[PDB]
Amino acid sequence: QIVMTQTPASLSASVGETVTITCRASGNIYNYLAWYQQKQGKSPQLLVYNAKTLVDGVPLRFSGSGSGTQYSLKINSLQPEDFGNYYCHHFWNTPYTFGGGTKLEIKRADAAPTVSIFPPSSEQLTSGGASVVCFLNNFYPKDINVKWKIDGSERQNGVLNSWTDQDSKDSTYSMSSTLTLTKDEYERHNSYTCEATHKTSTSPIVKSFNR
Amino acid sequence: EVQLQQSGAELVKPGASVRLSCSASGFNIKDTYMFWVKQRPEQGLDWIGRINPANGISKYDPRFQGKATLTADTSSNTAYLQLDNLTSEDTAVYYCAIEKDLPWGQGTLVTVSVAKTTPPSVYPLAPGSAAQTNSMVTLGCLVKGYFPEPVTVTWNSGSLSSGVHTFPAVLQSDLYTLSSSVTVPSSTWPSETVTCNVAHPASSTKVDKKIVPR
Ligand SMILES: C[C@]12CC[C@@H]3c4ccc(O)cc4CC[C@H]3[C@@H]1CC[C@@H]2O
């Protein structure tokens with residue numbers, strides 16, 4: 001069976017940058033390949049099939065190439081909306097194996113996390129639990145760590161962190177840090193704190209509430 | 001219009017079988033080669049098989065041979081995919097597609113699990129009293145303790161589009177937690193009204209929790 005090995009596994013480049021994603025087939029696929037772009041949560045989008053042929057509506061910046069076993073996709077003049085995963089589809093014969101996929105981040109000038117802290121919801125309290133949430137919106141690079149100072153000492157017990165994908169325009173991220181405590185634990189402490197240490201300010205971004 | 005619609009998402013206990021129905025509209029499958037794709041949470045695209053509806057001869061990837069069955073009837077153009085003896089390694093998004101320039105199906109999520117369906121408790125996230133007057137504010141909705149995926153969080157019934165951020169829920173003891181924020185000018189808040197609306201189909205539950213100051 002013709003196995004597809006695609007590379008690079010992960011990638012990053014800035015707006016306006018010409019890039020080249022490659023898929024190399026174990027056996028000669030005689031130009032029977034297709035490239036797909038899968039933006040998060042959405043369905044694969046056919047960009048190029050029959051090696052070089054581009055689908056209607058696909059922006060002229062996306063170029064397809066290859067021959068024999070080596071096939072390459074070249075996105076000239078990268079644009080913010082070009083982020084996501086890219087796969088290659090082989091269909092010279094069965095099975096029509098897919099590639100490993102290439103991750104694509106978009107290089108942008110660093111931005112700092114607009115931190116916000118919200119104490120537990122007025123209602124939630126009665127259930128017996130209390131999630132103190134801190135939203136750190138619109139920053140970059142994804143590289144960033146937040147820490148939960150409970151009152152004086154540090155906390156890291158029971159925290160959920162989630163990052164969104166790159167924004168369609170500002171290529172920035174966002175993180176939802178949630179320290180989930182229990183009614184009593186929350187009732188026995190005051191100055192809860194969300195300290196965000198990001199690669200943009202030696203002095204950490206700090207937002208907190210006292211209760 | 002020429003497009004495919006796949007079945008609704010389904011929650012199945014391990015061991016059972018599922019028959020997914022991909023309905024094509026605007027054309028006839030008897031003249032198209034159909035095939036399906038698998039995609040595990042956060043993982044890659046797996047080719048499951050291929051089929052020619054006219055005669056019914058389907059080719060499969062050995063990996064799925066023992067559980068996947070592509071079947072297609074021309075009478076209604078509805079292509080099917082039967083998945084036998086479902087295990088957790090099957091919980092994934094299955095897509096329907098045709099071997100032409102026509103966009104795939106929206107995908108049908110098959111969540112193989114034992115967890116009973118549970119409705120999300122949505123909690124409004126309003127600031128704990130901080131000088132909010134500063135150009136724009138940021139409020140949120142924290143939906144937690146629900147299963148299974150997916151759910152729908154929107155602000156002011158689609159009115160609020162810009163500045164909304166929904167985070168990919170995270171599993172925990174078989175329950176999920178997801179959240180969304182919104183950055184509205186200091187003006188609309190709280191002179192205007194802003195509330196998130198979260199819908200959870202699997203439990204037929206929809207909910208509106210008003211974002212009001214504390
Ligand atoms: C559906 C695929 C992309 C679209 C290709 C196409 C696209 C247009 C067309 O007129 C014919 C074909 C034949 C093979 C198809 C491919 C089979 C594998 C791949 O997924």
# chains A, B, ... in the order shown; residues from 1 in each chain; ligands from 1
>>> closest_atom_pairs(of="chain A", to="chain B", cutoff="9 Å", atoms="only C-alpha atoms", output="CSV")
residue,atom,partner,partner_atom,distance
A:42,CA,B:106,CA,7.7
A:43,CA,B:106,CA,6.4
A:44,CA,B:104,CA,7.3
A:45,CA,B:103,CA,6.9
A:46,CA,B:103,CA,7.5
A:49,CA,B:101,CA,8.9
A:55,CA,B:101,CA,7.1
A:56,CA,B:101,CA,8.7
A:87,CA,B:45,CA,8.0
A:94,CA,B:59,CA,7.4
A:95,CA,B:61,CA,5.4
A:96,CA,B:47,CA,6.2
A:97,CA,B:47,CA,5.9
A:98,CA,B:45,CA,6.2
A:99,CA,B:45,CA,7.8
A:100,CA,B:44,CA,6.5
A:101,CA,B:44,CA,6.7
A:116,CA,B:138,CA,7.4
A:117,CA,B:127,CA,7.0
A:118,CA,B:127,CA,5.0
A:119,CA,B:128,CA,5.8
A:120,CA,B:125,CA,7.5
A:121,CA,B:123,CA,6.1
A:122,CA,B:214,CA,7.3
A:123,CA,B:123,CA,7.4
A:124,CA,B:123,CA,6.8
A:131,CA,B:142,CA,8.9
A:133,CA,B:125,CA,8.1
A:135,CA,B:181,CA,7.7
A:137,CA,B:165,CA,8.5
A:160,CA,B:170,CA,7.5
A:161,CA,B:170,CA,8.5
A:162,CA,B:167,CA,6.1
A:163,CA,B:167,CA,6.4
A:164,CA,B:167,CA,5.6
A:165,CA,B:167,CA,8.9
A:174,CA,B:165,CA,7.8
A:175,CA,B:167,CA,7.8
A:176,CA,B:167,CA,7.0
A:209,CA,B:128,CA,6.8
A:210,CA,B:128,CA,8.7
A:211,CA,B:128,CA,7.7
>>> residues_around(residues="residue B:3", least_positions_apart="2", cutoff="7 Å", atoms="only C-alpha atoms", output="PyMOL selection string")
chain B and resi 1+5+24-26
>>> atom_distance(atom1="atom CA of residue A:59", atom2="atom CA of residue A:111")
28.8 Å
>>> closest_residue(among="B:69, B:111, B:74, B:154", to="residue B:55", atoms="only C-alpha atoms")
B:74
>>> select_by_dssp(residues="stretch 8-201 of chain A", states="strand (DSSP E)", output="PyMOL selection string")
chain A and resi 10-14+19-25+33-38+45-49+53-54+62-67+70-75+84-90+102-107+114-118+129-137+144-149+154-155+159-163+174-182+192-198
>>> closest_residue(among="B:97, B:81, B:4, B:38", to="ligand 1", atoms="only C-alpha atoms and all ligand atoms")
B:97
>>> residues_around(residues="residue B:90", least_positions_apart="2", cutoff="8 Å", atoms="only C-alpha atoms", output="list in words")
residues 40, 86, 87, 88, 92, 110, 111 and 112 of chain B
>>> closest_atom_pairs(of="chain A", to="ligand 1", cutoff="6 Å", atoms="only C-alpha atoms and all ligand atoms", output="tab-separated table")
residue	atom	partner	partner_atom_place_in_ligand_line	distance
A:34	CA	ligand 1	3 (C)	6.0
A:49	CA	ligand 1	3 (C)	5.7
A:89	CA	ligand 1	20 (O)	5.9
A:91	CA	ligand 1	18 (C)	5.1
>>> closest_residue(among="A:21, A:125, A:51, A:159", to="residue A:185", atoms="only C-alpha atoms")
A:125
>>> decode(residues="stretch 68-114 of chain A", atoms="C-alpha atoms", output="PDB file, in the first residue's frame")
ATOM      1  CA  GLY A  68       6.749  10.775  -8.709  1.00  0.00           C
ATOM      2  CA  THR A  69       6.839  10.418  -4.933  1.00  0.00           C
ATOM      3  CA  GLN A  70       7.596  13.988  -3.848  1.00  0.00           C
ATOM      4  CA  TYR A  71       4.730  16.462  -3.903  1.00  0.00           C
ATOM      5  CA  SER A  72       4.738  20.009  -2.552  1.00  0.00           C
ATOM      6  CA  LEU A  73       2.177  22.696  -1.698  1.00  0.00           C
ATOM      7  CA  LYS A  74       3.458  26.272  -1.893  1.00  0.00           C
ATOM      8  CA  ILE A  75       1.429  29.021  -0.237  1.00  0.00           C
ATOM      9  CA  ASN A  76       2.960  32.214  -1.642  1.00  0.00           C
ATOM     10  CA  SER A  77       2.350  35.493   0.195  1.00  0.00           C
ATOM     11  CA  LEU A  78       0.881  33.863   3.324  1.00  0.00           C
ATOM     12  CA  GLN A  79      -2.297  35.492   4.665  1.00  0.00           C
ATOM     13  CA  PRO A  80      -3.791  35.389   8.217  1.00  0.00           C
ATOM     14  CA  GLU A  81      -6.650  33.127   7.160  1.00  0.00           C
ATOM     15  CA  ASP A  82      -4.209  30.490   5.906  1.00  0.00           C
ATOM     16  CA  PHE A  83      -3.636  29.063   9.379  1.00  0.00           C
ATOM     17  CA  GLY A  84      -4.621  25.499  10.270  1.00  0.00           C
ATOM     18  CA  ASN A  85      -3.895  21.900   9.320  1.00  0.00           C
ATOM     19  CA  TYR A  86      -2.988  20.636   5.864  1.00  0.00           C
ATOM     20  CA  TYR A  87      -3.171  17.066   4.648  1.00  0.00           C
ATOM     21  CA  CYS A  88      -2.331  15.271   1.427  1.00  0.00           C
ATOM     22  CA  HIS A  89      -4.604  12.612  -0.047  1.00  0.00           C
ATOM     23  CA  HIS A  90      -3.272   9.821  -2.218  1.00  0.00           C
ATOM     24  CA  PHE A  91      -5.644   8.055  -4.585  1.00  0.00           C
ATOM     25  CA  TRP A  92      -3.478   6.189  -7.074  1.00  0.00           C
ATOM     26  CA  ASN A  93      -4.991   3.024  -5.639  1.00  0.00           C
ATOM     27  CA  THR A  94      -6.601   1.685  -2.488  1.00  0.00           C
ATOM     28  CA  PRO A  95      -6.500   2.409   0.250  1.00  0.00           C
ATOM     29  CA  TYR A  96      -6.559   6.175  -0.350  1.00  0.00           C
ATOM     30  CA  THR A  97      -4.236   6.940   2.575  1.00  0.00           C
ATOM     31  CA  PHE A  98      -3.927  10.423   4.064  1.00  0.00           C
ATOM     32  CA  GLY A  99      -0.803  12.237   5.234  1.00  0.00           C
ATOM     33  CA  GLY A 100       0.216  13.064   8.796  1.00  0.00           C
ATOM     34  CA  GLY A 101      -0.953  16.660   8.599  1.00  0.00           C
ATOM     35  CA  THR A 102       0.987  19.895   8.992  1.00  0.00           C
ATOM     36  CA  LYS A 103       0.252  22.392  11.767  1.00  0.00           C
ATOM     37  CA  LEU A 104       0.361  26.056  10.786  1.00  0.00           C
ATOM     38  CA  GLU A 105       0.699  28.983  13.183  1.00  0.00           C
ATOM     39  CA  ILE A 106       0.999  32.540  11.966  1.00  0.00           C
ATOM     40  CA  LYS A 107       3.972  34.625  13.029  1.00  0.00           C
ATOM     41  CA  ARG A 108       2.752  37.921  14.380  1.00  0.00           C
ATOM     42  CA  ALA A 109       4.277  40.663  16.520  1.00  0.00           C
ATOM     43  CA  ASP A 110       3.984  39.718  20.207  1.00  0.00           C
ATOM     44  CA  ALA A 111       0.942  41.021  22.137  1.00  0.00           C
ATOM     45  CA  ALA A 112       0.223  40.963  25.851  1.00  0.00           C
ATOM     46  CA  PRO A 113      -2.619  39.105  27.628  1.00  0.00           C
ATOM     47  CA  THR A 114      -5.535  41.342  28.591  1.00  0.00           C
TER      48      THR A 114
END
